[PDB]
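Peer 1: Just run-v5.cif, nothing more (mmCIF, N, CA and C atoms and all ligand atoms):
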data_work
#
loop_
_atom_site.label_atom_id
_atom_site.label_comp_id
_atom_site.auth_asym_id
_atom_site.auth_seq_id
_atom_site.Cartn_x
_atom_site.Cartn_y
_atom_site.Cartn_z
N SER Q 1794 140.29 189.68 82.72
CA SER Q 1794 138.90 190.12 82.82
C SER Q 1794 138.26 189.58 84.10
N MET Q 1795 137.00 189.95 84.33
CA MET Q 1795 136.30 189.58 85.56
C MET Q 1795 136.30 188.07 85.77
N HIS Q 1796 136.64 187.65 86.98
CA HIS Q 1796 136.52 186.25 87.33
C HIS Q 1796 135.05 185.89 87.56
N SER Q 1797 134.68 184.68 87.15
CA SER Q 1797 133.28 184.29 87.26
C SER Q 1797 132.77 184.31 88.70
N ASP Q 1798 133.65 184.19 89.69
CA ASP Q 1798 133.21 184.26 91.08
C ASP Q 1798 132.59 185.61 91.43
N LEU Q 1799 132.85 186.67 90.66
CA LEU Q 1799 132.26 187.98 90.92
C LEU Q 1799 131.02 188.25 90.07
N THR Q 1800 130.46 187.23 89.41
CA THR Q 1800 129.26 187.46 88.61
C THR Q 1800 128.13 188.03 89.46
N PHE Q 1801 128.02 187.62 90.73
CA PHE Q 1801 126.98 188.18 91.59
C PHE Q 1801 127.12 189.69 91.76
N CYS Q 1802 128.35 190.21 91.74
CA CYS Q 1802 128.53 191.66 91.80
C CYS Q 1802 128.11 192.31 90.48
N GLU Q 1803 128.41 191.66 89.36
CA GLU Q 1803 127.98 192.17 88.07
C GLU Q 1803 126.46 192.32 88.03
N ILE Q 1804 125.75 191.36 88.60
CA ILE Q 1804 124.30 191.38 88.64
C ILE Q 1804 123.80 192.49 89.56
N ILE Q 1805 124.40 192.63 90.75
CA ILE Q 1805 123.99 193.71 91.65
C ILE Q 1805 124.15 195.06 90.97
N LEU Q 1806 125.27 195.27 90.29
CA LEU Q 1806 125.49 196.54 89.62
C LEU Q 1806 124.47 196.77 88.51
N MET Q 1807 124.18 195.74 87.71
CA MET Q 1807 123.14 195.85 86.69
C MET Q 1807 121.82 196.26 87.31
N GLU Q 1808 121.46 195.64 88.44
CA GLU Q 1808 120.19 195.95 89.09
C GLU Q 1808 120.20 197.37 89.64
N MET Q 1809 121.33 197.81 90.17
CA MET Q 1809 121.44 199.19 90.62
C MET Q 1809 121.23 200.16 89.46
N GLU Q 1810 121.90 199.91 88.33
CA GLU Q 1810 121.79 200.82 87.20
C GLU Q 1810 120.37 200.91 86.69
N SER Q 1811 119.58 199.85 86.87
CA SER Q 1811 118.19 199.83 86.40
C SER Q 1811 117.22 200.50 87.37
N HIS Q 1812 117.66 200.82 88.57
CA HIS Q 1812 116.78 201.31 89.61
C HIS Q 1812 116.32 202.72 89.29
N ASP Q 1813 115.10 203.04 89.71
CA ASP Q 1813 114.54 204.35 89.40
C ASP Q 1813 115.32 205.50 90.04
N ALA Q 1814 116.06 205.24 91.12
CA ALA Q 1814 116.85 206.27 91.79
C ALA Q 1814 118.30 206.30 91.33
N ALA Q 1815 118.63 205.56 90.28
CA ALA Q 1815 120.02 205.45 89.89
C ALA Q 1815 120.49 206.56 88.97
N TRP Q 1816 119.57 207.34 88.39
CA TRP Q 1816 119.94 208.26 87.32
C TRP Q 1816 121.09 209.19 87.70
N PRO Q 1817 121.18 209.75 88.91
CA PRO Q 1817 122.32 210.64 89.18
C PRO Q 1817 123.67 209.98 89.08
N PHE Q 1818 123.73 208.65 89.18
CA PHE Q 1818 124.97 207.94 89.44
C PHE Q 1818 125.43 207.11 88.26
N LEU Q 1819 124.75 207.19 87.12
CA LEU Q 1819 125.04 206.29 86.01
C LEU Q 1819 126.39 206.58 85.39
N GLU Q 1820 126.77 207.85 85.32
CA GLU Q 1820 127.99 208.30 84.66
C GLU Q 1820 128.72 209.25 85.60
N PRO Q 1821 130.00 209.53 85.35
CA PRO Q 1821 130.72 210.48 86.22
C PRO Q 1821 129.98 211.80 86.35
N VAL Q 1822 130.05 212.40 87.54
CA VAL Q 1822 129.46 213.73 87.72
C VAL Q 1822 130.05 214.66 86.69
N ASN Q 1823 129.18 215.36 85.96
CA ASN Q 1823 129.53 216.02 84.72
C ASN Q 1823 129.77 217.51 84.98
N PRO Q 1824 130.99 218.03 84.76
CA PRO Q 1824 131.22 219.47 84.97
C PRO Q 1824 130.39 220.37 84.06
N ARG Q 1825 129.85 219.84 82.97
CA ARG Q 1825 128.96 220.66 82.15
C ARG Q 1825 127.66 220.97 82.87
N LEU Q 1826 127.31 220.17 83.88
CA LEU Q 1826 126.03 220.26 84.57
C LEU Q 1826 126.16 220.71 86.02
N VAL Q 1827 127.32 220.50 86.64
CA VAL Q 1827 127.55 220.64 88.07
C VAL Q 1827 128.88 221.36 88.22
N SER Q 1828 128.91 222.51 88.88
CA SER Q 1828 130.17 223.19 89.16
C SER Q 1828 130.71 222.84 90.55
N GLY Q 1829 132.04 222.89 90.69
CA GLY Q 1829 132.70 222.75 91.97
C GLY Q 1829 132.70 221.36 92.57
N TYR Q 1830 132.51 220.32 91.76
CA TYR Q 1830 132.36 218.98 92.32
C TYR Q 1830 133.70 218.39 92.75
N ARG Q 1831 134.64 218.28 91.81
CA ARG Q 1831 135.95 217.72 92.12
C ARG Q 1831 136.76 218.63 93.03
N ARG Q 1832 136.35 219.88 93.19
CA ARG Q 1832 136.98 220.73 94.20
C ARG Q 1832 136.82 220.13 95.59
N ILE Q 1833 135.69 219.47 95.84
CA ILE Q 1833 135.33 218.90 97.14
C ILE Q 1833 135.52 217.39 97.18
N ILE Q 1834 135.17 216.71 96.10
CA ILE Q 1834 135.09 215.25 96.08
C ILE Q 1834 136.39 214.75 95.47
N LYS Q 1835 137.26 214.18 96.30
CA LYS Q 1835 138.58 213.81 95.82
C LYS Q 1835 138.62 212.43 95.17
N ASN Q 1836 137.60 211.59 95.35
CA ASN Q 1836 137.54 210.28 94.70
C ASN Q 1836 136.17 210.06 94.08
N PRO Q 1837 135.90 210.70 92.95
CA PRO Q 1837 134.62 210.49 92.26
C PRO Q 1837 134.42 209.02 91.91
N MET Q 1838 133.16 208.59 91.91
CA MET Q 1838 132.84 207.24 91.48
C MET Q 1838 131.42 207.23 90.93
N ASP Q 1839 131.17 206.33 89.98
CA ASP Q 1839 129.86 206.23 89.34
C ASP Q 1839 129.70 204.81 88.83
N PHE Q 1840 128.46 204.44 88.47
CA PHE Q 1840 128.20 203.06 88.10
C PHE Q 1840 128.85 202.65 86.78
N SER Q 1841 129.01 203.55 85.80
CA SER Q 1841 129.67 203.17 84.55
C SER Q 1841 131.15 202.87 84.79
N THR Q 1842 131.81 203.69 85.59
CA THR Q 1842 133.20 203.42 85.94
C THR Q 1842 133.31 202.06 86.62
N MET Q 1843 132.41 201.78 87.57
CA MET Q 1843 132.43 200.48 88.23
C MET Q 1843 132.19 199.34 87.25
N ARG Q 1844 131.27 199.52 86.31
CA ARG Q 1844 130.93 198.46 85.36
C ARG Q 1844 132.13 198.10 84.52
N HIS Q 1845 132.87 199.11 84.07
CA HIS Q 1845 134.05 198.86 83.25
C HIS Q 1845 135.18 198.27 84.08
N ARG Q 1846 135.35 198.75 85.31
CA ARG Q 1846 136.40 198.22 86.17
C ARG Q 1846 136.12 196.76 86.48
N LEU Q 1847 134.88 196.43 86.80
CA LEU Q 1847 134.53 195.05 87.12
C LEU Q 1847 134.79 194.16 85.92
N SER Q 1848 134.35 194.58 84.74
CA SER Q 1848 134.47 193.71 83.57
C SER Q 1848 135.92 193.49 83.16
N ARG Q 1849 136.81 194.47 83.34
CA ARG Q 1849 138.19 194.32 82.90
C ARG Q 1849 139.07 193.60 83.92
N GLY Q 1850 138.56 193.28 85.10
CA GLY Q 1850 139.36 192.63 86.12
C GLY Q 1850 139.95 193.57 87.15
N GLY Q 1851 139.47 194.80 87.24
CA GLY Q 1851 140.00 195.77 88.17
C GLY Q 1851 139.52 195.61 89.59
N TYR Q 1852 138.54 194.73 89.83
CA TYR Q 1852 138.18 194.31 91.18
C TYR Q 1852 138.65 192.87 91.34
N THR Q 1853 139.62 192.67 92.21
CA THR Q 1853 140.03 191.31 92.52
C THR Q 1853 139.05 190.64 93.47
N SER Q 1854 138.40 191.39 94.33
CA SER Q 1854 137.51 190.85 95.34
C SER Q 1854 136.21 191.64 95.38
N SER Q 1855 135.20 190.97 95.92
CA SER Q 1855 133.91 191.61 96.11
C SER Q 1855 134.00 192.78 97.07
N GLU Q 1856 134.92 192.74 98.04
CA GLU Q 1856 135.05 193.85 98.98
C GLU Q 1856 135.48 195.12 98.26
N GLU Q 1857 136.35 195.00 97.25
CA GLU Q 1857 136.78 196.18 96.51
C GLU Q 1857 135.62 196.76 95.72
N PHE Q 1858 134.79 195.89 95.15
CA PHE Q 1858 133.60 196.33 94.44
C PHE Q 1858 132.66 197.06 95.39
N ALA Q 1859 132.41 196.49 96.57
CA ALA Q 1859 131.50 197.12 97.52
C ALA Q 1859 132.03 198.46 98.00
N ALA Q 1860 133.35 198.59 98.14
CA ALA Q 1860 133.92 199.85 98.57
C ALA Q 1860 133.64 200.95 97.55
N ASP Q 1861 133.70 200.62 96.26
CA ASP Q 1861 133.37 201.63 95.25
C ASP Q 1861 131.88 201.96 95.25
N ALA Q 1862 131.00 200.96 95.46
CA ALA Q 1862 129.58 201.26 95.58
C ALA Q 1862 129.34 202.24 96.72
N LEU Q 1863 129.94 201.98 97.88
CA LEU Q 1863 129.72 202.84 99.02
C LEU Q 1863 130.32 204.22 98.80
N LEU Q 1864 131.42 204.30 98.04
CA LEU Q 1864 132.00 205.58 97.69
C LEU Q 1864 131.02 206.44 96.88
N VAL Q 1865 130.26 205.83 95.95
CA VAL Q 1865 129.23 206.58 95.23
C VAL Q 1865 128.31 207.27 96.23
N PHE Q 1866 127.85 206.53 97.22
CA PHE Q 1866 126.84 207.04 98.15
C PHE Q 1866 127.47 208.00 99.16
N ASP Q 1867 128.70 207.74 99.57
CA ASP Q 1867 129.42 208.64 100.47
C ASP Q 1867 129.70 209.97 99.80
N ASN Q 1868 130.12 209.94 98.54
CA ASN Q 1868 130.32 211.20 97.82
C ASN Q 1868 129.02 211.98 97.71
N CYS Q 1869 127.92 211.28 97.42
CA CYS Q 1869 126.63 211.94 97.27
C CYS Q 1869 126.23 212.64 98.56
N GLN Q 1870 126.42 212.00 99.71
CA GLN Q 1870 126.06 212.66 100.96
C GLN Q 1870 127.06 213.77 101.35
N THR Q 1871 128.29 213.72 100.86
CA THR Q 1871 129.22 214.81 101.10
C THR Q 1871 128.80 216.05 100.32
N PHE Q 1872 128.40 215.89 99.07
CA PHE Q 1872 128.18 217.04 98.21
C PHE Q 1872 126.77 217.59 98.27
N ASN Q 1873 125.76 216.75 98.46
CA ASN Q 1873 124.38 217.12 98.23
C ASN Q 1873 123.62 217.19 99.54
N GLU Q 1874 122.70 218.14 99.64
CA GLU Q 1874 121.83 218.22 100.80
C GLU Q 1874 120.89 217.01 100.84
N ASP Q 1875 120.53 216.59 102.05
CA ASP Q 1875 119.72 215.39 102.21
C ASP Q 1875 118.35 215.51 101.54
N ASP Q 1876 117.77 216.70 101.49
CA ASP Q 1876 116.45 216.86 100.89
C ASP Q 1876 116.50 217.26 99.42
N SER Q 1877 117.68 217.30 98.82
CA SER Q 1877 117.76 217.52 97.39
C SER Q 1877 117.36 216.25 96.65
N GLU Q 1878 117.03 216.40 95.37
CA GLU Q 1878 116.65 215.24 94.57
C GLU Q 1878 117.78 214.22 94.51
N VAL Q 1879 119.02 214.68 94.29
CA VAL Q 1879 120.13 213.74 94.21
C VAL Q 1879 120.45 213.18 95.60
N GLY Q 1880 120.37 214.00 96.65
CA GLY Q 1880 120.59 213.49 97.99
C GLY Q 1880 119.62 212.37 98.35
N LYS Q 1881 118.34 212.57 98.03
CA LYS Q 1881 117.34 211.54 98.31
C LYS Q 1881 117.64 210.28 97.51
N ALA Q 1882 118.03 210.44 96.25
CA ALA Q 1882 118.37 209.28 95.43
C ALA Q 1882 119.52 208.49 96.03
N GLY Q 1883 120.54 209.18 96.55
CA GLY Q 1883 121.65 208.47 97.16
C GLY Q 1883 121.23 207.59 98.32
N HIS Q 1884 120.32 208.09 99.16
CA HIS Q 1884 119.85 207.30 100.29
C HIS Q 1884 119.04 206.09 99.83
N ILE Q 1885 118.20 206.25 98.80
CA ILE Q 1885 117.48 205.11 98.24
C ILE Q 1885 118.48 204.07 97.75
N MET Q 1886 119.48 204.52 97.00
CA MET Q 1886 120.40 203.57 96.37
C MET Q 1886 121.27 202.87 97.40
N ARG Q 1887 121.68 203.56 98.46
CA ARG Q 1887 122.46 202.91 99.50
C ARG Q 1887 121.66 201.79 100.14
N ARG Q 1888 120.39 202.05 100.46
CA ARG Q 1888 119.54 201.03 101.05
C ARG Q 1888 119.36 199.86 100.09
N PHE Q 1889 119.13 200.14 98.81
CA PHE Q 1889 118.97 199.07 97.84
C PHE Q 1889 120.23 198.23 97.74
N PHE Q 1890 121.39 198.88 97.66
CA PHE Q 1890 122.65 198.15 97.58
C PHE Q 1890 122.85 197.29 98.82
N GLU Q 1891 122.66 197.86 100.00
CA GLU Q 1891 122.93 197.10 101.22
C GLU Q 1891 121.99 195.92 101.34
N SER Q 1892 120.76 196.07 100.88
CA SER Q 1892 119.83 194.95 100.92
C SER Q 1892 120.27 193.82 100.00
N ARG Q 1893 120.76 194.15 98.80
CA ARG Q 1893 121.24 193.11 97.89
C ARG Q 1893 122.52 192.47 98.43
N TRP Q 1894 123.40 193.29 99.02
CA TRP Q 1894 124.65 192.77 99.55
C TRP Q 1894 124.40 191.83 100.73
N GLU Q 1895 123.42 192.17 101.57
CA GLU Q 1895 123.16 191.40 102.79
C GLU Q 1895 122.64 190.01 102.48
N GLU Q 1896 122.12 189.77 101.27
CA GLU Q 1896 121.76 188.40 100.92
C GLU Q 1896 122.99 187.51 100.87
N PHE Q 1897 124.14 188.08 100.54
CA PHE Q 1897 125.40 187.35 100.42
C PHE Q 1897 126.27 187.46 101.65
N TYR Q 1898 126.17 188.57 102.37
CA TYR Q 1898 126.95 188.84 103.56
C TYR Q 1898 126.01 189.35 104.65
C1 LIG I 1901 114.60 213.33 87.38
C2 LIG I 1901 115.02 214.67 87.98
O1 LIG I 1901 114.47 214.95 88.99
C3 LIG I 1901 116.08 215.63 87.41
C4 LIG I 1901 116.56 216.71 88.14
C5 LIG I 1901 116.17 217.13 89.56
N1 LIG I 1901 117.45 217.36 87.43
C6 LIG I 1901 117.60 216.79 86.25
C7 LIG I 1901 118.50 217.28 85.31
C8 LIG I 1901 119.37 218.32 85.62
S1 LIG I 1901 120.28 218.57 84.17
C9 LIG I 1901 119.48 217.33 83.29
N2 LIG I 1901 119.70 216.92 81.92
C10 LIG I 1901 118.55 216.46 81.10
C11 LIG I 1901 119.00 215.51 80.00
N3 LIG I 1901 120.11 215.94 79.23
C12 LIG I 1901 121.10 216.77 79.84
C13 LIG I 1901 120.65 217.62 81.03
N4 LIG I 1901 118.59 216.80 84.10
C14 LIG I 1901 116.76 215.67 86.17
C15 LIG I 1901 116.64 214.74 84.94
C16 LIG I 1901 116.93 213.24 85.13
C17 LIG I 1901 117.59 212.51 83.96
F1 LIG I 1901 116.58 212.06 83.17
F2 LIG I 1901 118.43 213.28 83.21
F3 LIG I 1901 118.25 211.42 84.42
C1 LIG I 1902 126.33 217.09 92.28
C2 LIG I 1902 126.06 215.59 92.17
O1 LIG I 1902 126.44 214.86 93.03
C3 LIG I 1902 125.30 215.01 90.97
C4 LIG I 1902 125.26 213.68 90.60
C5 LIG I 1902 125.97 212.53 91.32
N1 LIG I 1902 124.51 213.56 89.52
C6 LIG I 1902 124.05 214.75 89.15
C7 LIG I 1902 123.23 214.99 88.06
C8 LIG I 1902 122.37 216.07 88.02
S1 LIG I 1902 121.58 215.94 86.49
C9 LIG I 1902 122.41 214.50 86.02
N2 LIG I 1902 122.23 213.78 84.78
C10 LIG I 1902 121.50 212.48 84.78
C11 LIG I 1902 121.64 211.70 83.48
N3 LIG I 1902 121.28 212.47 82.34
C12 LIG I 1902 121.99 213.69 82.28
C13 LIG I 1902 121.83 214.52 83.55
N4 LIG I 1902 123.23 214.18 87.01
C14 LIG I 1902 124.52 215.70 90.04
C15 LIG I 1902 124.23 217.20 90.00
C16 LIG I 1902 123.01 217.58 90.82
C17 LIG I 1902 122.57 219.02 90.57
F1 LIG I 1902 123.50 219.88 91.08
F2 LIG I 1902 122.45 219.23 89.23
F3 LIG I 1902 121.37 219.24 91.17
#
What do you get writing this file as structure tokens?
Peer 2:
Amino acid sequence: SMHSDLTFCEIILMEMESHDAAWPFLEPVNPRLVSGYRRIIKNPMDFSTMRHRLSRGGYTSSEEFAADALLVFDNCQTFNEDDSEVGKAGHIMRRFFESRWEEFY
């Protein structure tokens, strides 16, 4: 399971999930709601997947955790227009994540 040295990542993820702009990213992009997503996005990522991976020990290092966070935001900018509701949310969340990360790095 998660090593205690990564508790700071667990907290960052909790804070991200609580953010007002996090709603698009809480769970995997849902084919019931969105068509053609995995046709374009070859490595989907979302905060629930990250939360489970972190807790089970699937991130050995904070860098691996951060790479999945950035993948959420990179996928969002690949698929969504910048002025769409989800596109705007991705930009908010990237800034929020980078600000929390920069306290440590
Ligand atoms: C906040 C916002 O601006 C939204 C936009 C542009 N679209 C949707 C949307 C599309 S489908 C959908 N849901 C509603 C709940 N049950 C299943 C289908 N909601 C939202 C709702 C945000 C949510 F609360 F769900 F996180
Ligand atoms: C294509 C994409 O990247 C998306 C991500 C990462 N999230 C959502 C989304 C929309 S509604 C939604 N949830 C929020 C939680 N309650 C249930 C409904 N999630 C989309 C689809 C955006 C749409 F095409 F619908 F405008």
Peer 1: Which residues of chain Q come within 9 Å of ligand LIG 1901 (chain I), and what is each one's closest atom pair and distance in Å (one decimal), counting only C-alpha atoms and all ligand atoms, sorted by chain and residue number, as a Markdown table?
Peer 2:
| residue | atom | partner | partner_atom | distance |
| --- | --- | --- | --- | --- |
| Q:1814 | CA | I:LIG1901 | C1 | 8.6 |
| Q:1815 | CA | I:LIG1901 | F3 | 8.3 |
| Q:1816 | CA | I:LIG1901 | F3 | 4.6 |
| Q:1817 | CA | I:LIG1901 | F3 | 6.3 |
| Q:1819 | CA | I:LIG1901 | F3 | 8.7 |
| Q:1825 | CA | I:LIG1901 | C13 | 8.9 |
| Q:1826 | CA | I:LIG1901 | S1 | 6.0 |
| Q:1827 | CA | I:LIG1901 | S1 | 8.5 |
| Q:1877 | CA | I:LIG1901 | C5 | 8.0 |
| Q:1878 | CA | I:LIG1901 | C5 | 5.4 |
| Q:1879 | CA | I:LIG1901 | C5 | 7.0 |
Peer 1: Could you give me, as a PDB file with N, CA and C atoms, in the coordinates of the input, the residues within 12 Å of residue 1805 (chain Q), counting only C-alpha atoms and dropping anything in the same chain fewer than 4 positions from it?
Peer 2:
ATOM      1  N   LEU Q1799     132.850 186.670  90.660  1.00  0.00           N
ATOM      2  CA  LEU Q1799     132.260 187.980  90.920  1.00  0.00           C
ATOM      3  C   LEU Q1799     131.020 188.250  90.070  1.00  0.00           C
ATOM      4  N   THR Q1800     130.460 187.230  89.410  1.00  0.00           N
ATOM      5  CA  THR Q1800     129.260 187.460  88.610  1.00  0.00           C
ATOM      6  C   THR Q1800     128.130 188.030  89.460  1.00  0.00           C
ATOM      7  N   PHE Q1801     128.020 187.620  90.730  1.00  0.00           N
ATOM      8  CA  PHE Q1801     126.980 188.180  91.590  1.00  0.00           C
ATOM      9  C   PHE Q1801     127.120 189.690  91.760  1.00  0.00           C
ATOM     10  N   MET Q1809     121.330 197.810  90.170  1.00  0.00           N
ATOM     11  CA  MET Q1809     121.440 199.190  90.620  1.00  0.00           C
ATOM     12  C   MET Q1809     121.230 200.160  89.460  1.00  0.00           C
ATOM     13  N   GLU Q1810     121.900 199.910  88.330  1.00  0.00           N
ATOM     14  CA  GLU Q1810     121.790 200.820  87.200  1.00  0.00           C
ATOM     15  C   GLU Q1810     120.370 200.910  86.690  1.00  0.00           C
ATOM     16  N   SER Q1811     119.580 199.850  86.870  1.00  0.00           N
ATOM     17  CA  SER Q1811     118.190 199.830  86.400  1.00  0.00           C
ATOM     18  C   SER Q1811     117.220 200.500  87.370  1.00  0.00           C
ATOM     19  N   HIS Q1812     117.660 200.820  88.570  1.00  0.00           N
ATOM     20  CA  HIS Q1812     116.780 201.310  89.610  1.00  0.00           C
ATOM     21  C   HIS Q1812     116.320 202.720  89.290  1.00  0.00           C
ATOM     22  N   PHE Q1840     128.460 204.440  88.470  1.00  0.00           N
ATOM     23  CA  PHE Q1840     128.200 203.060  88.100  1.00  0.00           C
ATOM     24  C   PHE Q1840     128.850 202.650  86.780  1.00  0.00           C
ATOM     25  N   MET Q1843     132.410 201.780  87.570  1.00  0.00           N
ATOM     26  CA  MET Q1843     132.430 200.480  88.230  1.00  0.00           C
ATOM     27  C   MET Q1843     132.190 199.340  87.250  1.00  0.00           C
ATOM     28  N   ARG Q1844     131.270 199.520  86.310  1.00  0.00           N
ATOM     29  CA  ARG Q1844     130.930 198.460  85.360  1.00  0.00           C
ATOM     30  C   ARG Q1844     132.130 198.100  84.520  1.00  0.00           C
ATOM     31  N   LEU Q1847     134.880 196.430  86.800  1.00  0.00           N
ATOM     32  CA  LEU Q1847     134.530 195.050  87.120  1.00  0.00           C
ATOM     33  C   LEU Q1847     134.790 194.160  85.920  1.00  0.00           C
ATOM     34  N   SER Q1855     135.200 190.970  95.920  1.00  0.00           N
ATOM     35  CA  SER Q1855     133.910 191.610  96.110  1.00  0.00           C
ATOM     36  C   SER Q1855     134.000 192.780  97.070  1.00  0.00           C
ATOM     37  N   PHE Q1858     134.790 195.890  95.150  1.00  0.00           N
ATOM     38  CA  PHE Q1858     133.600 196.330  94.440  1.00  0.00           C
ATOM     39  C   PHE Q1858     132.660 197.060  95.390  1.00  0.00           C
ATOM     40  N   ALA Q1859     132.410 196.490  96.570  1.00  0.00           N
ATOM     41  CA  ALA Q1859     131.500 197.120  97.520  1.00  0.00           C
ATOM     42  C   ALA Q1859     132.030 198.460  98.000  1.00  0.00           C
ATOM     43  N   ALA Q1862     131.000 200.960  95.460  1.00  0.00           N
ATOM     44  CA  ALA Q1862     129.580 201.260  95.580  1.00  0.00           C
ATOM     45  C   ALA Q1862     129.340 202.240  96.720  1.00  0.00           C
ATOM     46  N   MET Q1886     119.480 204.520  97.000  1.00  0.00           N
ATOM     47  CA  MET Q1886     120.400 203.570  96.370  1.00  0.00           C
ATOM     48  C   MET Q1886     121.270 202.870  97.400  1.00  0.00           C
ATOM     49  N   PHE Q1889     119.130 200.140  98.810  1.00  0.00           N
ATOM     50  CA  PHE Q1889     118.970 199.070  97.840  1.00  0.00           C
ATOM     51  C   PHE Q1889     120.230 198.230  97.740  1.00  0.00           C
ATOM     52  N   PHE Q1890     121.390 198.880  97.660  1.00  0.00           N
ATOM     53  CA  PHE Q1890     122.650 198.150  97.580  1.00  0.00           C
ATOM     54  C   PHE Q1890     122.850 197.290  98.820  1.00  0.00           C
ATOM     55  N   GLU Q1891     122.660 197.860 100.000  1.00  0.00           N
ATOM     56  CA  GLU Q1891     122.930 197.100 101.220  1.00  0.00           C
ATOM     57  C   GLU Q1891     121.990 195.920 101.340  1.00  0.00           C
ATOM     58  N   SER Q1892     120.760 196.070 100.880  1.00  0.00           N
ATOM     59  CA  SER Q1892     119.830 194.950 100.920  1.00  0.00           C
ATOM     60  C   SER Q1892     120.270 193.820 100.000  1.00  0.00           C
ATOM     61  N   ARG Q1893     120.760 194.150  98.800  1.00  0.00           N
ATOM     62  CA  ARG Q1893     121.240 193.110  97.890  1.00  0.00           C
ATOM     63  C   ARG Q1893     122.520 192.470  98.430  1.00  0.00           C
ATOM     64  N   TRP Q1894     123.400 193.290  99.020  1.00  0.00           N
ATOM     65  CA  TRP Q1894     124.650 192.770  99.550  1.00  0.00           C
ATOM     66  C   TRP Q1894     124.400 191.830 100.730  1.00  0.00           C
ATOM     67  N   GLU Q1895     123.420 192.170 101.570  1.00  0.00           N
ATOM     68  CA  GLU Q1895     123.160 191.400 102.790  1.00  0.00           C
ATOM     69  C   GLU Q1895     122.640 190.010 102.480  1.00  0.00           C
ATOM     70  N   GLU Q1896     122.120 189.770 101.270  1.00  0.00           N
ATOM     71  CA  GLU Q1896     121.760 188.400 100.920  1.00  0.00           C
ATOM     72  C   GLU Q1896     122.990 187.510 100.870  1.00  0.00           C
ATOM     73  N   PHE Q1897     124.140 188.080 100.540  1.00  0.00           N
ATOM     74  CA  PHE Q1897     125.400 187.350 100.420  1.00  0.00           C
ATOM     75  C   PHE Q1897     126.270 187.460 101.650  1.00  0.00           C
TER      76      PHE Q1897
END
Peer 1: Report, in Å with one decimal, the straight-line distance from CA of residue 1839 (chain Q) to CA of residue 1856 (chain Q).
Peer 2: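 The value is 16.5 Å.
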Peer 1: Which value, in Å to one decimal, gives the distance between CA of residue 1818 (chain Q) and atom N of residue 1848 (chain Q)?
Peer 2: 17.0 Å
Peer 1: If I take atom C16 of ligand LIG 1902 (chain I) and CA of residue 1846 (chain Q), how far is one from the other in Å, to one decimal?
Peer 2: 24.0 Å
Peer 1: From a backbone DSSP assignment, name each residue in region 1839-1892 of chain Q labelled alpha helix (DSSP H), as a PyMOL selection string.
Peer 2: chain Q and resi 1840-1849+1855-1872+1878-1892
Peer 1: Which one is closest to ligand LIG 1902 (chain I): Q:1823, Q:1836, Q:1854, Q:1842? Count only C-alpha atoms and all ligand atoms.
Peer 2: Q:1823
Peer 1: Set the distance at 8 Å and use only N, CA and C atoms: which residues neighbour residue 1871 (chain Q) once local chain neighbours fewer than 6 positions away are removed? I'd like the list as a list in words.
Peer 2: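 Non-adjacent residues within range: residues 1833, 1834 and 1865 of chain Q.
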Peer 1: Which one is closest to ligand LIG 1902 (chain I): Q:1860, Q:1869, Q:1802, Q:1807? Count all atoms listed in the file.
Peer 2: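 The answer is Q:1869, which sits nearest to ligand LIG 1902 (chain I).
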Peer 1: Within 6.5 Å of residue 1870 (chain Q), counting all atoms listed in the file, which residues show up once you throw out same-chain ones fewer than 4 positions away? Write them as a PyMOL selection string, please.
Peer 2: chain Q and resi 1865-1866+1874+1880+1883
